[PDB]
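Chain naming follows the written order as A, B, C, D and E, and within any one chain the residues start at number 1.
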Amino acid sequence: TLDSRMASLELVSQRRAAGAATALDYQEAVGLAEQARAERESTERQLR
Amino acid sequence: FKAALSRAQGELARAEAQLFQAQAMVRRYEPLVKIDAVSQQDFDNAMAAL
Amino acid sequence: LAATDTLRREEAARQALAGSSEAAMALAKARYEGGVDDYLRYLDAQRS
Amino acid sequence: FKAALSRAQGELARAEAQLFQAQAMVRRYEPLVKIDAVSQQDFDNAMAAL
Amino acid sequence: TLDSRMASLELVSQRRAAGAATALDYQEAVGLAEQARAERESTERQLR
């Protein structure tokens, strides 16, 4: 899932670099990636 | 011919109103694109409309 | 030990999320002060 | 010529209806823009339409 | 956050008074404000 989030973030970053996306979209993609990262950390804590 | 002139003047007024709208849009969008607040595509569309 | 490490990394992730939301706030405020976006968008950015 | 006058009167009635709609929109948006209830861009679009 | 919710509710009420918003929008704004109030009460209980 985190791999998917990072792929989406990379695609959105590349799209804003071309000017086809607002900085708001890049920020929301970053927020989603960070949200998924927290879930991954919680799952790691649970497994350990 | 006075009526034709009136019709032409009305069309000119409509065109001027649309131009004013486009100018306001471009003036608002210009500082935003410098801080990425709007997409470059939207700014280009606004400039094309102007 | 596992909790210390995992919550440290999770706090880092949540801090990144908070920073992204703050940047989105700054952009929304800049747009609203320019008369492009309504007050609702700025208020929603505040809430988020 | 009577039919042409009738057609012109119908077009004038349609234009008056659109003007009435635009006037109502501007009248409603005028107090809302002062309290920031609508974006300045929307108000300028309404004024251009009027 | 509750302050932000009440600001949005006031703005939406003023918009419906002018006829630019439906009653559904006013109802959703009211619901969001009431939801925020419940969160405030829960956090008060936690702090106490």
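Heads up, the rule we're going with is that contacts are C-beta pairs under 8 Å (C-beta built on N, C-alpha and C of every residue); 3 or more make two chains touch, one makes a residue touch a chain.
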Exercise. Taking mean CA positions as centres, which chain lies farthest from subunit E?
Worked result: B
For this session: Indicate the whole-number Å distance between the mean C-alpha point of subunit A and the mean C-alpha point of subunit C.
Result: 14
Seminar exercise, completed: Averaging C-alpha coordinates per chain, one finds the centres of subunit A and subunit D separated by a number of Å equal to 45
Seminar exercise, completed: Here the gap between subunit B and subunit D, centre to centre from mean Cα coordinates and rounded to Å, is 18
Problem set entry | Gap in Å, rounded to a whole number, between the CA centres of subunit E and subunit A | 30
Seminar exercise, completed: In subunit D, the residues touching two or more other chains are 36-38, 40-41
Seminar exercise, completed: Touching at least 2 other chains, the residues of subunit E are 11
For this session: Make each chain a node and each touching pair an edge, then name the shape: line, ring, star, complete, other.
Result: other
For this session: State which pairs of chains touch, listing all of them.
Result: A-B, A-C, B-C, B-D, C-D, C-E, D-E
Problem set entry | subunit B residues touching subunit D - in the complex, by the definition given at the top | 17-18, 20-21, 24-25, 28
Exercise. Touching subunit C in the complex: which residues of subunit D?
Worked result: 36-42
Exercise. Where on subunit C does subunit A make contact in their complex?
Worked result: 2-3, 6-7, 9-10, 13-14, 16-17, 20-21, 23-24, 27-28
For this session: Could you please specify the touching residues of subunit C with respect to subunit D in the complex?
Result: 32, 34-39
Exercise. In their complex, what parts of subunit B are in touch with subunit C?
Worked result: 28-29, 31-32, 35-38
